[PDB]
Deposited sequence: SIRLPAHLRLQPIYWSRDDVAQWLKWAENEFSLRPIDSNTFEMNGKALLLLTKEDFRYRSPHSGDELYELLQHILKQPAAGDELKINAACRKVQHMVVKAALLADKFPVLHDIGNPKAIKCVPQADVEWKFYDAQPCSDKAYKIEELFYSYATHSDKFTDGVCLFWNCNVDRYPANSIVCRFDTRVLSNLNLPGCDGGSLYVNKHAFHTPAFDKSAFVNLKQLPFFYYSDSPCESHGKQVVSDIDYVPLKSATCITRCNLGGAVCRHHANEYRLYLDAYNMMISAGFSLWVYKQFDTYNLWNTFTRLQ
């Protein structure tokens, strides 16, 4: 089974997630009561312990807890589709909005979008929609096109191209890509969080990937710390599901920091 708050792979587990795992296994298997701090570590460290270490920490259930973890590793749980759907929209909005602010593309070519929906409606950019099979109710504002690099590598050179879960043979250089040799023109997109929303004072967040105005001095406000952690869960939930993010090579996070001056 699964408790719906341990659905990600154990490598993504936090210290509190491990405590929930011990408490969940205490009732699911009628194990003897065990203190939460018996395994005071994150999931990334719990995977480095030996089975002998489990017995030393928990003489009554250490061997049972170890074998339970192995089956979790051998058979990863499936994430909820709606939560994965929400995670994909949140990451898509974050990445595209940041890219448009960083490099100020005059036009966006959304390739693979059959519903003519902008993920960044306030972007102030010419939004173009392309799809091989446009929806009937949106085809009037969608160009019917099947993208192939051998056919269109000389097209859509202006602005940026968006291939969000649009698996094509090879992406052009000016691309923003999510996918579940084709990325030779691109680079991997590292994790980051960007927010231009106002700060509000009502655990201190230490991270160089929190691109917020309050983090210029290292003091992330409560509002952006909570939004950062909610986004990180969505990012991890999407990476755990087998999605990878790729971007044009000149993408630079320092362009996002310059938006605060």
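Unmodelled regions of the deposited sequence, numbered from residue 1: 1-2, 183-214, 237-246, 306-308.
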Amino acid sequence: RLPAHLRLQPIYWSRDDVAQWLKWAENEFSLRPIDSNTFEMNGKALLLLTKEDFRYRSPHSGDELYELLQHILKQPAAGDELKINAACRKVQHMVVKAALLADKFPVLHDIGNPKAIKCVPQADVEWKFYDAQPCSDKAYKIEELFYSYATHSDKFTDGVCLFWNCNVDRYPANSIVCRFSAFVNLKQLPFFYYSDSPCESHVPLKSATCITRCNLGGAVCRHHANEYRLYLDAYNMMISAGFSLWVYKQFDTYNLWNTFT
From here on, numbers count along this sequence of modelled residues.
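In this entry, 46-54 shows the higher mean Cα temperature factor of the pair 46-54 and 188-196.
Looking at 37-45 and 229-237 together, the entry lists the larger mean B-factor for 37-45, computed on C-alpha atoms.
The maximum CA B-factor among the listed residues 201, 212, 70, 209, taken from the PDB record, is found at 70.
The residue among 12, 243, 251, 246 whose C-alpha atom has the highest B-factor in the PDB entry is 12. Annotation for residue 255: C-alpha temperature factor in the lowest third relative to the rest of the modelled chain, per the entry. Residue 31 sits in the highest third of its chain by CA B factor, as recorded in the PDB entry. In the deposited entry, the Cα temperature factor of residue 165 sits in the bottom third of values across the chain's modelled residues. Sorting the modelled residues of the chain by their CA temperature factor places residue 122 in the middle third. Ranked against the other modelled residues of its chain, the C-alpha B-factor of residue 153 as given in the entry falls in the lowest third.
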